[PDB]
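Right, one structure below, let's go through it.
Because only heavy atoms are used, hydrogens play no part in the values below, and waters and symmetry mates are left out as well, while side chains stay in. Letters A, B, ... are given to chains in the order of the sequence lines, protein chains preceding strands, and every chain is numbered from 1.
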Amino acid sequence: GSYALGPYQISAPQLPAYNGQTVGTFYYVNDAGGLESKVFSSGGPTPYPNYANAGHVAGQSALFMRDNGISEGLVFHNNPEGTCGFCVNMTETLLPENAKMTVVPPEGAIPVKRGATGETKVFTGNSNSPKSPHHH
DNA sequence: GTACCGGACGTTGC
DNA sequence: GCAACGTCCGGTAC
Ligand SMILES: [Mg+2]
Ligand SMILES: [Zn+2]
């Protein structure tokens, strides 16, 4: 159960036991060839409150990639119900065009609501961008 | 406490 | 083609 990030072959790191708030670890490769990690916890403040997936682990990872121009990313999260339907449908919007982010739920994740998946998904970014919000 | 609410994208039942 | 449907989000309301 390992995943290819450039020349690195990475498996799931130890994540906190799911307490209701999803937590994930994100990995990318910097300009020097080294591997960098960053820990994300779902549901902080966000530039895109009009995007239901922006505050999730995969959404924060995608905005971190867009913001920093990262072309390829890997992220593991701890949610036994899997990646939700908003993530599945909106990450490619959040992503910059042709960026690749693979999202890995915990082993044996079982989706229970519409749209969710318990399987690894590889999102590739599309030319659309997140609409900037308003004060409704 | 709790049952919607609300922007938003793609999926899909009618 | 139209509209239901999907977060634990943050927010108003029974
Ligand atoms: Mg996009
Ligand atoms: Zn999600």
Donor-acceptor contact below 3.5 Å, side chain A:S42 vs main chain A:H56: no

Protein-nucleotide distance (A:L94, atom CG; B:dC9, atom P), rounded to Å: 9 Å

A:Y51 side chain, from C-beta outward: closest of C:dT7, B:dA8, B:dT11: B:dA8

Counterpart base for C:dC8, defined by Watson-Crick or G-U wobble contacts under 3.5 Å: none

Co-membership, hydrophobic cluster, residues A:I10 and A:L15, 4.5 Å side-chain: yes

Furanose pucker, C:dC5, classified by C1'-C2'-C3'-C4': south

Separation of B:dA8 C1' from A:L95 CG (nearest whole Å): 16 Å

Distance-only polar pair, side chains of A:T120 and A:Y3, donor-acceptor under 3.5 Å: yes

Nearest-Å distance for atom pair NZ/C1', residues A:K113 and C:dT7: 9 Å

Atom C1', compared across B:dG6 and C:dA13: separation rounded to whole Å: 15 Å

side-chain N/O A:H56 vs C:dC9 OP1/OP2, d < 4.0 Å: no

C:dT12 versus B:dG7 - spacing of their P atoms, nearest Å: 15 Å

Sugar-phosphate, base or nothing in reach of A:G43, heavy atoms under 4.0 Å: sugar-phosphate

Partner nucleotide of C:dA3 by Watson-Crick or wobble geometry (both distances under 3.5 Å): B:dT12

Close side-chain approach of A:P111 and A:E81, heavy atoms under 4.5 Å: no

Touch class at under 4.0 angstrom, heavy-atom based, for A:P130 against every strand present: nothing

C:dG6|C:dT7 base stack, centroid gap <5.5 Å, plane angle <30°: no

Side-chain N,O (A:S42) to OP1/OP2 (C:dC9) below 4.0 Å: yes

Length of the CD-P vector between A:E92 and B:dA8, whole Å: 18 Å

Side chain of A:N79 - closest among C:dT7, C:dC8, B:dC9: C:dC8

Separation of atom CG in A:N78 from atom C1' in C:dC8, rounded to whole Å: 14 Å

From C:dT7, C:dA4, B:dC9, nucleotide with atom closest to A:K131 side chain: B:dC9

Rounded distance (Å) that lies between atom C1' of C:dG6 and atom CG of A:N53: 11 Å

CD/A:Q9: more than 12 non-hydrogen atoms of other groups inside 6.0 Å: yes

Check: A:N89 side chain, B:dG10 base, donor-acceptor under 3.5 Å: yes

Main-chain N/O of A:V23 paired with A:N78 side-chain donor or acceptor, under 3.5 Å: yes

Atom pair distance, as rounded to whole Å: CZ in A:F86 and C1' in C:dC9: 10 Å

Sugar pucker assignment (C1'-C2'-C3'-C4' positive north, negative south) for C:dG11: south

N/O (side chain, A:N50) to phosphate O (OP1/OP2, B:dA8) under 4.0 Å: yes

Whole-angstrom distance between C:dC9 and C:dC5, as gauged at atom P: 23 Å

d(CG, A:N19; P, C:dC8) in whole Å: 12 Å

Nucleotide nearest A:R114 when distance is taken to its side chain, options C:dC9, B:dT11, B:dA8: B:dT11

C:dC14 versus C:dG10 - spacing of their P atoms, nearest Å: 22 Å

Parallel, tilted or perpendicular: rings of A:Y51 and A:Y48 (30°, 60°): perpendicular

Sugar-phosphate, base or nothing in reach of A:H136, heavy atoms under 4.0 Å: sugar-phosphate

